[PDB]
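Dumped upload12.json below, it's JSON, C-alpha atoms:
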[["chain", "number", "residue", "atom", "x", "y", "z"],
["R", 1103, "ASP", "CA", 2.06, 0.04, 18.74],
["R", 1104, "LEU", "CA", 1.47, -3.34, 16.95],
["R", 1105, "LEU", "CA", -2.29, -3.39, 16.62],
["R", 1106, "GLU", "CA", -2.21, 0.32, 15.71],
["R", 1107, "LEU", "CA", 0.34, -0.47, 12.96],
["R", 1108, "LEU", "CA", -1.86, -3.37, 11.80],
["R", 1109, "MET", "CA", -4.93, -1.11, 11.68],
["R", 1110, "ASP", "CA", -3.24, 1.25, 9.29],
["R", 1111, "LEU", "CA", -4.30, -1.21, 6.65],
["R", 1112, "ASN", "CA", -3.25, 1.36, 4.15],
["R", 1113, "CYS", "CA", 0.20, 2.20, 5.36],
["R", 1114, "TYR", "CA", 1.78, -1.29, 5.13],
["R", 1115, "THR", "CA", -0.02, -2.76, 2.14],
["R", 1116, "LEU", "CA", 1.13, 0.35, 0.25],
["R", 1117, "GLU", "CA", 4.65, -0.45, 1.49],
["R", 1118, "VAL", "CA", 4.56, -4.12, 0.14],
["R", 1119, "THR", "CA", 2.59, -3.46, -3.03],
["R", 1120, "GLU", "CA", 4.42, -0.28, -4.25],
["R", 1121, "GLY", "CA", 7.60, -0.22, -2.29],
["R", 1122, "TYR", "CA", 8.51, -3.86, -2.40],
["R", 1123, "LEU", "CA", 6.83, -6.02, -5.02],
["R", 1124, "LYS", "CA", 6.27, -3.65, -7.99],
["R", 1125, "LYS", "CA", 10.00, -3.11, -7.61],
["R", 1126, "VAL", "CA", 11.29, -6.63, -7.04],
["R", 1127, "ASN", "CA", 13.59, -6.80, -10.08],
["R", 1128, "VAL", "CA", 14.31, -10.47, -10.34],
["R", 1129, "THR", "CA", 17.41, -11.45, -12.16],
["R", 1130, "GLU", "CA", 18.59, -11.85, -8.59],
["R", 1131, "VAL", "CA", 19.59, -14.67, -6.26],
["R", 1132, "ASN", "CA", 18.31, -16.40, -3.15],
["R", 1133, "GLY", "CA", 17.41, -15.52, 0.38],
["R", 1137, "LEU", "CA", 11.14, -16.87, -1.85],
["R", 1138, "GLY", "CA", 11.22, -13.32, -0.53],
["R", 1139, "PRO", "CA", 7.78, -12.14, -1.52],
["R", 1140, "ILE", "CA", 6.08, -15.13, -0.03],
["R", 1141, "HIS", "CA", 8.00, -14.41, 3.14],
["R", 1142, "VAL", "CA", 6.88, -10.80, 3.27],
["R", 1143, "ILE", "CA", 3.23, -11.60, 2.32],
["R", 1144, "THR", "CA", 3.05, -14.43, 4.70],
["R", 1145, "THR", "CA", 4.58, -12.57, 7.66],
["R", 1146, "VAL", "CA", 2.02, -9.78, 7.36],
["R", 1147, "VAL", "CA", -0.93, -12.18, 6.86],
["R", 1148, "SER", "CA", 0.03, -14.35, 9.78],
["R", 1149, "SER", "CA", 0.52, -11.33, 12.15],
["R", 1150, "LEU", "CA", -2.89, -10.00, 11.16],
["R", 1151, "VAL", "CA", -4.58, -13.37, 11.62],
["R", 1152, "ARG", "CA", -3.07, -13.96, 15.02],
["R", 1153, "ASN", "CA", -4.23, -10.59, 16.22],
["R", 1154, "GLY", "CA", -7.61, -11.38, 14.76],
["R", 1155, "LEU", "CA", -7.65, -8.71, 12.09],
["R", 1156, "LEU", "CA", -9.36, -11.01, 9.65],
["R", 1157, "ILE", "CA", -10.87, -8.37, 7.50],
["R", 1158, "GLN", "CA", -7.64, -6.52, 7.21],
["R", 1159, "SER", "CA", -5.96, -9.69, 6.06],
["R", 1160, "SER", "CA", -8.52, -10.22, 3.37],
["R", 1161, "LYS", "CA", -8.03, -6.63, 2.05],
["R", 1162, "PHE", "CA", -4.27, -6.79, 2.28],
["R", 1163, "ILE", "CA", -4.19, -10.18, 0.50],
["R", 1164, "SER", "CA", -6.57, -8.82, -2.20],
["R", 1165, "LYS", "CA", -4.35, -5.86, -3.04],
["R", 1166, "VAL", "CA", -1.22, -8.06, -3.02],
["R", 1167, "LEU", "CA", -2.81, -10.63, -5.43],
["R", 1168, "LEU", "CA", -4.10, -7.90, -7.75],
["R", 1169, "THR", "CA", -0.62, -6.44, -7.66],
["R", 1170, "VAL", "CA", 1.29, -9.68, -8.34],
["R", 1171, "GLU", "CA", -1.25, -10.38, -11.13],
["R", 1172, "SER", "CA", -0.49, -7.10, -12.98],
["R", 1173, "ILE", "CA", 3.22, -7.41, -12.43],
["R", 1174, "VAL", "CA", 3.06, -10.87, -14.12],
["R", 1175, "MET", "CA", 0.67, -9.77, -16.86],
["R", 1176, "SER", "CA", 2.88, -6.77, -17.69],
["R", 1177, "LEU", "CA", 6.16, -8.71, -18.00],
["R", 1178, "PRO", "CA", 7.93, -8.13, -21.30],
["R", 1179, "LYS", "CA", 8.59, -10.86, -23.89],
["R", 1180, "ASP", "CA", 12.07, -11.63, -22.65],
["R", 1181, "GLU", "CA", 11.17, -11.60, -19.00],
["R", 1182, "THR", "CA", 8.13, -13.85, -19.19],
["R", 1183, "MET", "CA", 9.85, -17.16, -18.41],
["R", 1184, "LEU", "CA", 11.87, -16.06, -15.40],
["R", 1185, "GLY", "CA", 9.34, -13.61, -14.10],
["R", 1186, "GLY", "CA", 6.34, -15.93, -14.55],
["R", 1187, "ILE", "CA", 8.12, -18.68, -12.72],
["R", 1188, "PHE", "CA", 9.52, -16.55, -9.87],
["R", 1189, "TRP", "CA", 6.06, -15.05, -9.10],
["R", 1190, "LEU", "CA", 4.18, -18.32, -9.53],
["R", 1191, "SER", "CA", 6.59, -20.19, -7.41],
["R", 1192, "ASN", "CA", 6.00, -17.59, -4.62],
["R", 1193, "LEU", "CA", 2.15, -17.53, -4.97],
["R", 1194, "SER", "CA", 2.09, -21.27, -5.20],
["R", 1195, "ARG", "CA", 2.85, -21.47, -1.51],
["R", 1196, "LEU", "CA", -0.13, -19.28, -0.31],
["R", 1197, "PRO", "CA", -2.63, -22.22, -0.31],
["R", 1198, "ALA", "CA", -0.41, -24.51, 1.81],
["R", 1199, "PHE", "CA", 0.47, -21.50, 4.12],
["R", 1200, "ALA", "CA", -3.28, -21.07, 4.82],
["R", 1201, "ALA", "CA", -3.60, -24.83, 5.41],
["R", 1202, "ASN", "CA", -0.62, -24.76, 7.77],
["R", 1203, "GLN", "CA", -1.92, -21.64, 9.58],
["R", 1204, "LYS", "CA", -5.04, -23.40, 10.44],
["R", 1205, "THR", "CA", -3.28, -26.29, 11.97],
["R", 1206, "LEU", "CA", -2.58, -24.03, 15.06],
["R", 1207, "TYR", "CA", -6.13, -22.77, 15.55],
["R", 1216, "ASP", "CA", -11.16, -20.15, 17.39],
["R", 1217, "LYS", "CA", -13.63, -21.14, 14.72],
["R", 1218, "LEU", "CA", -14.20, -18.01, 12.63],
["R", 1219, "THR", "CA", -10.41, -17.93, 12.15],
["R", 1220, "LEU", "CA", -10.50, -21.50, 10.95],
["R", 1221, "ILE", "CA", -13.26, -20.55, 8.47],
["R", 1222, "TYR", "CA", -11.31, -17.49, 7.29],
["R", 1223, "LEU", "CA", -8.21, -19.62, 6.65],
["R", 1224, "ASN", "CA", -10.27, -22.26, 4.89],
["R", 1225, "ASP", "CA", -11.56, -19.59, 2.60],
["R", 1226, "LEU", "CA", -8.11, -18.07, 2.17],
["R", 1227, "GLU", "CA", -6.89, -21.42, 0.98],
["R", 1228, "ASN", "CA", -9.62, -21.87, -1.66],
["R", 1229, "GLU", "CA", -9.54, -18.32, -2.88],
["R", 1230, "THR", "CA", -5.77, -17.99, -3.09],
["R", 1231, "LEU", "CA", -5.84, -21.28, -5.11],
["R", 1232, "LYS", "CA", -8.41, -19.80, -7.52],
["R", 1233, "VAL", "CA", -6.30, -16.66, -8.14],
["R", 1234, "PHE", "CA", -3.22, -18.88, -8.60],
["R", 1235, "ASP", "CA", -5.10, -20.97, -11.25],
["R", 1236, "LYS", "CA", -6.11, -17.76, -13.10],
["R", 1237, "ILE", "CA", -2.60, -16.17, -13.22],
["R", 1238, "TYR", "CA", -0.93, -19.52, -13.88],
["R", 1239, "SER", "CA", -3.10, -20.37, -16.94],
["R", 1240, "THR", "CA", -2.88, -17.03, -18.57],
["R", 1241, "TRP", "CA", 0.89, -16.87, -17.98],
["R", 1242, "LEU", "CA", 1.47, -20.38, -19.37],
["R", 1243, "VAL", "CA", -0.35, -19.78, -22.64],
["R", 1244, "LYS", "CA", 1.41, -16.46, -23.10],
["R", 1245, "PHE", "CA", 4.67, -18.12, -22.18],
["R", 1246, "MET", "CA", 4.03, -21.07, -24.53],
["R", 1247, "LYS", "CA", 2.90, -18.87, -27.46],
["R", 1248, "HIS", "CA", 6.37, -17.18, -27.36],
["R", 1249, "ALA", "CA", 8.37, -20.36, -26.73],
["R", 1250, "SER", "CA", 6.64, -22.21, -29.59],
["R", 1251, "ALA", "CA", 7.59, -19.47, -32.07],
["R", 1252, "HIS", "CA", 11.14, -19.30, -30.84],
["R", 1253, "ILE", "CA", 11.58, -23.01, -30.92],
["R", 1254, "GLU", "CA", 9.66, -23.33, -34.20],
["R", 1255, "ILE", "CA", 7.50, -26.29, -33.14],
["R", 1256, "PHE", "CA", 5.57, -26.19, -36.36],
["R", 1257, "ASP", "CA", 8.61, -26.54, -38.71],
["R", 1258, "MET", "CA", 10.11, -29.16, -36.46],
["R", 1259, "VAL", "CA", 7.03, -31.40, -36.25],
["R", 1260, "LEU", "CA", 4.37, -30.77, -38.89],
["R", 1261, "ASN", "CA", 6.07, -29.09, -41.95],
["R", 1262, "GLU", "CA", 6.29, -31.81, -44.55],
["R", 1263, "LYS", "CA", 8.64, -29.55, -46.61],
["R", 1264, "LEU", "CA", 11.26, -30.19, -43.94],
["R", 1265, "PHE", "CA", 10.84, -33.96, -43.54],
["R", 1266, "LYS", "CA", 13.86, -34.42, -45.77],
["R", 1267, "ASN", "CA", 15.88, -32.56, -43.12],
["R", 1268, "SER", "CA", 17.43, -34.36, -40.20],
["R", 1269, "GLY", "CA", 15.41, -31.97, -38.09],
["R", 1270, "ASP", "CA", 18.34, -32.18, -35.83],
["R", 1271, "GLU", "CA", 19.30, -28.59, -35.16],
["R", 1272, "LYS", "CA", 15.72, -27.69, -34.34],
["R", 1273, "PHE", "CA", 15.33, -30.68, -32.06],
["R", 1274, "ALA", "CA", 18.56, -29.76, -30.38],
["R", 1275, "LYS", "CA", 17.19, -26.32, -29.82],
["R", 1276, "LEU", "CA", 13.95, -27.75, -28.33],
["R", 1277, "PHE", "CA", 15.96, -29.99, -25.94],
["R", 1278, "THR", "CA", 18.11, -27.13, -24.78],
["R", 1279, "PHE", "CA", 15.05, -24.98, -24.24],
["R", 1280, "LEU", "CA", 13.37, -27.63, -22.09],
["R", 1281, "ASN", "CA", 16.62, -28.24, -20.11],
["R", 1282, "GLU", "CA", 16.73, -24.51, -19.53],
["R", 1283, "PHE", "CA", 13.02, -24.36, -18.62],
["R", 1284, "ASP", "CA", 13.70, -27.16, -16.25],
["R", 1285, "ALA", "CA", 16.71, -25.33, -14.56],
["R", 1286, "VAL", "CA", 14.73, -22.18, -13.86],
["R", 1287, "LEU", "CA", 11.92, -24.31, -12.36],
["R", 1288, "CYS", "CA", 14.61, -25.82, -9.97],
["R", 1289, "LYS", "CA", 16.36, -22.41, -9.56],
["R", 1290, "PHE", "CA", 13.21, -20.64, -8.37],
["R", 1291, "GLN", "CA", 12.33, -23.60, -6.16],
["R", 1292, "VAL", "CA", 8.98, -24.74, -7.62],
["R", 1293, "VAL", "CA", 7.67, -27.73, -5.67],
["R", 1294, "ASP", "CA", 8.00, -31.13, -7.37],
["R", 1295, "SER", "CA", 4.33, -31.76, -7.94],
["R", 1296, "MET", "CA", 3.95, -28.37, -9.61],
["R", 1297, "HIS", "CA", 7.12, -28.97, -11.73],
["R", 1298, "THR", "CA", 5.59, -32.09, -13.20],
["R", 1299, "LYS", "CA", 2.22, -30.34, -13.65],
["R", 1300, "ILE", "CA", 3.97, -27.49, -15.58],
["R", 1301, "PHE", "CA", 5.54, -30.06, -17.89],
["R", 1302, "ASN", "CA", 2.15, -31.84, -18.47],
["R", 1303, "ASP", "CA", 0.48, -28.51, -19.22],
["R", 1304, "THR", "CA", 3.33, -27.59, -21.53],
["R", 1305, "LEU", "CA", 2.47, -30.65, -23.51],
["R", 1306, "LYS", "CA", -1.30, -29.91, -23.22],
["R", 1307, "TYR", "CA", -0.48, -26.64, -24.79],
["R", 1308, "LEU", "CA", 1.48, -28.20, -27.69],
["R", 1309, "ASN", "CA", -1.43, -30.67, -28.29],
["R", 1310, "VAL", "CA", -3.69, -27.52, -29.04],
["R", 1311, "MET", "CA", -1.13, -25.75, -31.20],
["R", 1312, "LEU", "CA", -0.13, -28.83, -33.07],
["R", 1313, "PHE", "CA", -3.65, -30.08, -33.71],
["R", 1314, "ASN", "CA", -4.89, -26.51, -34.74],
["R", 1315, "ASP", "CA", -1.91, -26.13, -37.12],
["R", 1316, "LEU", "CA", -2.40, -29.55, -38.52],
["R", 1317, "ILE", "CA", -5.88, -28.44, -39.63],
["R", 1318, "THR", "CA", -5.22, -24.74, -40.65],
["R", 1319, "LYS", "CA", -1.65, -24.83, -41.95],
["R", 1320, "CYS", "CA", -1.03, -28.23, -43.55],
["R", 1321, "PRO", "CA", -2.24, -28.28, -47.08],
["R", 1322, "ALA", "CA", -2.52, -32.03, -47.92],
["R", 1323, "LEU", "CA", -2.35, -35.07, -45.76],
["R", 1324, "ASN", "CA", -1.75, -38.74, -46.25],
["R", 1325, "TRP", "CA", -0.70, -41.95, -44.40],
["R", 1326, "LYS", "CA", 2.96, -41.12, -44.97],
["R", 1327, "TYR", "CA", 2.63, -37.66, -43.66],
["R", 1328, "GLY", "CA", 0.94, -39.19, -40.64],
["R", 1329, "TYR", "CA", 3.72, -41.66, -40.06],
["R", 1330, "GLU", "CA", 6.42, -38.93, -40.22],
["R", 1331, "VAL", "CA", 4.63, -36.58, -37.72],
["R", 1332, "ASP", "CA", 4.25, -39.61, -35.47],
["R", 1333, "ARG", "CA", 8.02, -40.02, -35.35],
["R", 1334, "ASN", "CA", 8.55, -36.29, -34.77],
["R", 1335, "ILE", "CA", 6.14, -36.46, -31.91],
["R", 1336, "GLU", "CA", 7.93, -39.46, -30.39],
["R", 1337, "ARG", "CA", 11.14, -37.50, -30.72],
["R", 1338, "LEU", "CA", 9.55, -34.49, -28.92],
["R", 1339, "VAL", "CA", 8.11, -36.79, -26.26],
["R", 1340, "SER", "CA", 11.45, -38.66, -25.64],
["R", 1341, "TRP", "CA", 12.70, -35.60, -23.60],
["R", 1342, "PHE", "CA", 9.71, -35.74, -21.19],
["R", 1343, "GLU", "CA", 9.89, -39.39, -20.70],
["R", 1344, "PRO", "CA", 12.40, -39.91, -17.87],
["R", 1345, "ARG", "CA", 10.50, -37.01, -16.08],
["R", 1346, "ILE", "CA", 6.82, -37.34, -15.77],
["R", 1347, "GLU", "CA", 4.29, -40.13, -15.35],
["R", 1348, "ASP", "CA", 2.86, -40.74, -18.87],
["R", 1349, "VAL", "CA", 3.18, -37.83, -21.30],
["R", 1350, "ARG", "CA", 1.04, -39.04, -24.22],
["R", 1351, "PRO", "CA", -2.46, -38.40, -22.82],
["R", 1352, "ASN", "CA", -1.55, -34.71, -22.86],
["R", 1353, "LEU", "CA", -1.14, -35.01, -26.63],
["R", 1354, "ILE", "CA", -4.27, -37.14, -27.32],
["R", 1355, "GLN", "CA", -5.87, -34.96, -30.06],
["R", 1356, "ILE", "CA", -2.80, -34.55, -32.16],
["R", 1357, "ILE", "CA", -1.81, -38.20, -31.63],
["R", 1358, "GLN", "CA", -5.28, -39.46, -32.71],
["R", 1359, "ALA", "CA", -5.35, -37.07, -35.79],
["R", 1360, "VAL", "CA", -2.15, -38.49, -37.16],
["R", 1361, "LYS", "CA", -3.18, -42.04, -36.32],
["R", 1362, "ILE", "CA", -6.37, -41.50, -38.24],
["R", 1363, "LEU", "CA", -4.25, -40.60, -41.20],
["R", 1364, "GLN", "CA", -2.59, -43.99, -41.12],
["R", 1365, "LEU", "CA", -5.82, -46.09, -40.85],
["R", 1366, "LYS", "CA", -6.77, -47.88, -44.06],
["R", 1367, "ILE", "CA", -10.54, -47.61, -43.71],
["R", 1368, "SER", "CA", -12.61, -48.91, -46.55],
["R", 1369, "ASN", "CA", -16.23, -49.16, -45.42],
["R", 1370, "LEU", "CA", -18.63, -47.25, -43.38],
["R", 1371, "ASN", "CA", -18.97, -50.36, -41.38],
["R", 1372, "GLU", "CA", -15.35, -50.44, -40.28],
["R", 1373, "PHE", "CA", -15.53, -46.67, -39.82],
["R", 1374, "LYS", "CA", -18.60, -46.96, -37.60],
["R", 1375, "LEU", "CA", -16.82, -49.56, -35.62],
["R", 1376, "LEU", "CA", -13.88, -47.23, -35.16],
["R", 1377, "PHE", "CA", -15.57, -43.84, -34.49],
["R", 1378, "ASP", "CA", -19.18, -44.19, -33.36],
["R", 1379, "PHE", "CA", -19.20, -43.32, -29.66],
["R", 1380, "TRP", "CA", -15.55, -42.37, -29.77],
["R", 1381, "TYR", "CA", -15.05, -38.86, -28.34],
["R", 1382, "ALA", "CA", -11.25, -38.02, -28.24],
["R", 1383, "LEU", "CA", -12.06, -36.02, -31.53],
["R", 1384, "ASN", "CA", -15.48, -34.79, -32.49],
["R", 1385, "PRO", "CA", -17.11, -35.54, -35.80],
["R", 1386, "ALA", "CA", -16.22, -32.08, -37.39],
["R", 1387, "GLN", "CA", -12.52, -32.62, -36.22],
["R", 1388, "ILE", "CA", -12.45, -35.99, -37.77],
["R", 1389, "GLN", "CA", -14.09, -34.70, -40.94],
["R", 1390, "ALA", "CA", -11.67, -31.80, -41.07],
["R", 1391, "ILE", "CA", -8.82, -34.27, -41.11],
["R", 1392, "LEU", "CA", -10.26, -36.54, -43.79],
["R", 1393, "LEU", "CA", -11.35, -33.69, -46.20],
["R", 1394, "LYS", "CA", -7.59, -32.77, -46.28],
["R", 1395, "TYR", "CA", -6.69, -36.29, -47.41],
["R", 1396, "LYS", "CA", -4.78, -36.47, -50.66],
["R", 1397, "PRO", "CA", -2.94, -39.55, -52.02],
["R", 1398, "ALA", "CA", 0.72, -39.21, -53.16],
["R", 1404, "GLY", "CA", -9.01, -41.56, -51.21],
["R", 1405, "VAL", "CA", -11.61, -41.45, -48.51],
["R", 1406, "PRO", "CA", -14.78, -43.18, -49.74],
["R", 1407, "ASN", "CA", -17.68, -40.82, -50.31],
["R", 1408, "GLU", "CA", -19.73, -43.13, -48.25],
["R", 1409, "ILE", "CA", -17.64, -42.19, -45.26],
["R", 1410, "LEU", "CA", -17.52, -38.43, -46.10],
["R", 1411, "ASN", "CA", -21.30, -38.65, -46.40],
["R", 1412, "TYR", "CA", -22.02, -40.39, -43.08],
["R", 1413, "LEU", "CA", -19.81, -37.79, -41.27],
["R", 1414, "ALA", "CA", -21.78, -34.92, -42.94],
["R", 1415, "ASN", "CA", -24.97, -36.47, -41.61],
["R", 1416, "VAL", "CA", -23.49, -37.00, -38.19],
["R", 1417, "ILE", "CA", -22.40, -33.40, -38.04],
["R", 1418, "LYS", "CA", -25.85, -32.26, -39.22],
["R", 1419, "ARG", "CA", -27.55, -34.47, -36.63],
["R", 1420, "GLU", "CA", -25.52, -32.94, -33.91],
["R", 1421, "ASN", "CA", -26.24, -29.39, -35.16],
["R", 1422, "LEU", "CA", -29.97, -30.20, -34.81],
["R", 1423, "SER", "CA", -29.79, -31.79, -31.35],
["R", 1424, "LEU", "CA", -27.52, -29.62, -29.26],
["R", 1425, "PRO", "CA", -27.40, -25.86, -28.86],
["R", 1426, "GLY", "CA", -23.57, -25.40, -28.71],
["R", 1427, "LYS", "CA", -21.07, -25.02, -31.50],
["R", 1428, "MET", "CA", -19.07, -28.12, -32.24],
["R", 1429, "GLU", "CA", -15.60, -26.44, -32.33],
["R", 1430, "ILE", "CA", -13.01, -27.75, -34.68],
["R", 1431, "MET", "CA", -10.15, -25.64, -33.12],
["R", 1432, "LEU", "CA", -9.02, -26.50, -29.57],
["R", 1433, "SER", "CA", -8.20, -24.01, -26.76],
["R", 1434, "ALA", "CA", -5.69, -24.66, -24.00],
["R", 1435, "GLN", "CA", -7.21, -25.56, -20.68],
["R", 1436, "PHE", "CA", -5.42, -26.86, -17.59],
["R", 1437, "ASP", "CA", -6.56, -28.51, -14.44],
["R", 1438, "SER", "CA", -6.63, -26.59, -11.15],
["R", 1439, "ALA", "CA", -3.35, -26.79, -9.17],
["R", 1440, "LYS", "CA", -5.56, -28.06, -6.28],
["R", 1441, "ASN", "CA", -3.94, -31.40, -5.85],
["R", 1442, "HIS", "CA", -0.47, -30.32, -7.04],
["R", 1443, "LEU", "CA", 0.67, -27.88, -4.38],
["R", 1444, "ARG", "CA", 2.49, -30.22, -2.01]]
Give the structure from this file in structure tokens form.
Amino acid sequence: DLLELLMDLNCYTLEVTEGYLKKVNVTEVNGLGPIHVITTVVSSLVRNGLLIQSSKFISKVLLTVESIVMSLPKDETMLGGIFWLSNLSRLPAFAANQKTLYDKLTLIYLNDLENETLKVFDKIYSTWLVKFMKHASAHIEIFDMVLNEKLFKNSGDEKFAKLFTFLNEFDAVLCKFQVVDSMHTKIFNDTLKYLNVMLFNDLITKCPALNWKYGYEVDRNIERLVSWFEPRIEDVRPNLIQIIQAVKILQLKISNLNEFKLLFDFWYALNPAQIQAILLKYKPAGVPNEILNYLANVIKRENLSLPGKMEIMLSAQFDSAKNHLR
């Protein structure tokens, strides 16, 4: 009755996708379920050579997990995002391990399953992380903690304590829901890549006047923020390269276009409009016109040569989980 069960493509994928997953209310303990159910069905189907059925079943299941995740409510986003992503994150290595036991069309199917499952993972992961980090940055008040010069006179201490608790709690859930080590560290790098974007964009849009002192104080707040990550991941600062360079620029004492050219010609961490944006905001407690002028020309030169907009704002972008799913 097995193959006849497996041919009812519709019966059982309806079971998993409406009966089991759309209704997997997390807030509940162990004994990795969805990856077990998904993976049992896929491996039965592959063994019995139903390769097309597997593809369809896996498609519906991914589309389903995707909308579950995308539909999660503001207070469920952390737990839910992590539970689902931790489960999906195992599909690529499952495909790689399936193939270790295999004819040649099956090997090709599984090869494809591995790349395609990885691509869907990368899609859901990125959109979840930005949505997750939008909410967490408001709640933890990253702006007022780091960039708000009005609150430099404050210890900062309560807010920092709240950031450290949040990250300890982010870190527990990651361990709770069993995310693999190499993805745990990636999540923390991307978390910082996200705060690079938000912090740099807010430095430009939200911070009225800037000077060397301002720059020095943000630098310290950043080093405070980064102190949590440090016993945890490889090297956290490259993730925060734009916002770190912007506030370092603010502390340079540059007095001729000749020093400036030495510092920024053929230096691409920030573009010319980003660097100009930062220096037009400079107010003592200023920039030589000669420097303001050369930037203008540089910008104009680049408008004339290339077809694409030279964006001042950043967007969050993360690497593929390709090498991080061990």
Expected answer as a short mmCIF file (atom, residue, chain, number, x, y, z; two decimals) with C-alpha atoms, in the frame of the given file: all residues with atoms within 12 Å of (1.0, -4.2, 9.7), all atoms listed in the file:
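The resulting selection28.cif:
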data_model
loop_
_atom_site.label_atom_id
_atom_site.label_comp_id
_atom_site.auth_asym_id
_atom_site.auth_seq_id
_atom_site.Cartn_x
_atom_site.Cartn_y
_atom_site.Cartn_z
CA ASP R 1103 2.06 0.04 18.74
CA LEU R 1104 1.47 -3.34 16.95
CA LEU R 1105 -2.29 -3.39 16.62
CA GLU R 1106 -2.21 0.32 15.71
CA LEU R 1107 0.34 -0.47 12.96
CA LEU R 1108 -1.86 -3.37 11.80
CA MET R 1109 -4.93 -1.11 11.68
CA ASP R 1110 -3.24 1.25 9.29
CA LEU R 1111 -4.30 -1.21 6.65
CA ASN R 1112 -3.25 1.36 4.15
CA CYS R 1113 0.20 2.20 5.36
CA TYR R 1114 1.78 -1.29 5.13
CA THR R 1115 -0.02 -2.76 2.14
CA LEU R 1116 1.13 0.35 0.25
CA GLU R 1117 4.65 -0.45 1.49
CA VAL R 1118 4.56 -4.12 0.14
CA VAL R 1142 6.88 -10.80 3.27
CA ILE R 1143 3.23 -11.60 2.32
CA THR R 1144 3.05 -14.43 4.70
CA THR R 1145 4.58 -12.57 7.66
CA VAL R 1146 2.02 -9.78 7.36
CA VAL R 1147 -0.93 -12.18 6.86
CA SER R 1148 0.03 -14.35 9.78
CA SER R 1149 0.52 -11.33 12.15
CA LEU R 1150 -2.89 -10.00 11.16
CA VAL R 1151 -4.58 -13.37 11.62
CA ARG R 1152 -3.07 -13.96 15.02
CA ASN R 1153 -4.23 -10.59 16.22
CA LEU R 1155 -7.65 -8.71 12.09
CA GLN R 1158 -7.64 -6.52 7.21
CA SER R 1159 -5.96 -9.69 6.06
CA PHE R 1162 -4.27 -6.79 2.28
#
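Distance check against residue R:1330 using all atoms listed in the file: of R:1222, R:1265, R:1122, R:1273, the minimum falls on R:1265.
Picture a line from atom CA of residue R:1268 to atom CA of residue R:1394; it runs 25.8 Å.
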Next on the checklist: Give me the residues near residue R:1280 as number ranges by chain, where near means some atom within 12 Å (using all atoms listed in the file) and where sequence neighbours in that chain fewer than 2 positions away do not count.
Outcome noted: R: 1183, 1246, 1249-1250, 1253, 1273-1278, 1282-1287, 1300-1301, 1304-1305, 1338-1342, 1345
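The smallest atom-to-atom distance between residue R:1232 and any of R:1367, R:1204, R:1193, R:1131, using only C-alpha atoms, is found for R:1193.
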Item to check | Distance in Å - atom CA of residue R:1327 versus atom CA of residue R:1396 | outcome: 10.3 Å
Next on the checklist: Residues near residue R:1243, anyone? I mean within 9 Å using all atoms listed in the file, not counting same-chain ones fewer than 3 positions away, as number ranges by chain.
Outcome noted: R: 1238-1240, 1246-1248, 1304, 1307, 1434
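Reported to one decimal place, the separation of atom CA of residue R:1185 from atom CA of residue R:1349 is 26.0 Å.
Candidate residues R:1438, R:1427, R:1444, R:1270 were compared for distance to residue R:1234, and the nearest is R:1438, using all atoms listed in the file.
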Next on the checklist: Quick one: residues within 12 Å of stretch 1372-1388 of chain R, only C-alpha atoms, excluding same-chain residues fewer than 4 positions away - as a count of residues only?
Outcome noted: 48
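If only C-alpha atoms are the atoms counted, then among R:1127, R:1441, R:1172, R:1433 the closest residue to residue R:1309 is R:1433.
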Item to check | Neighbour residues at most 9 Å from (4.9, -14.4, -15.3) (only C-alpha atoms) as number ranges by chain | outcome: R: 1171, 1173-1177, 1181-1190, 1237-1238, 1240-1242, 1244-1245
Next on the checklist: Let me make sure I understand: among R:1350, R:1306, R:1319, R:1195, which one has the smallest atom-to-atom distance to residue R:1230 if we use only C-alpha atoms?
Outcome noted: R:1195
How big is the axis-aligned box around all listed atoms of stretch 1355-1372 of chain R once 3 Å goes on each side, and where's its centre, in Å to one decimal, as AutoDock Vina command-line options?
--center_x -10.4 --center_y -42.5 --center_z -38.3 --size_x 23.2 --size_y 21.9 --size_z 22.5
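Of the listed residues R:1120, R:1235, R:1257, R:1332, the one whose atoms come nearest to residue R:1166 is R:1120, with distances taken using all atoms listed in the file.
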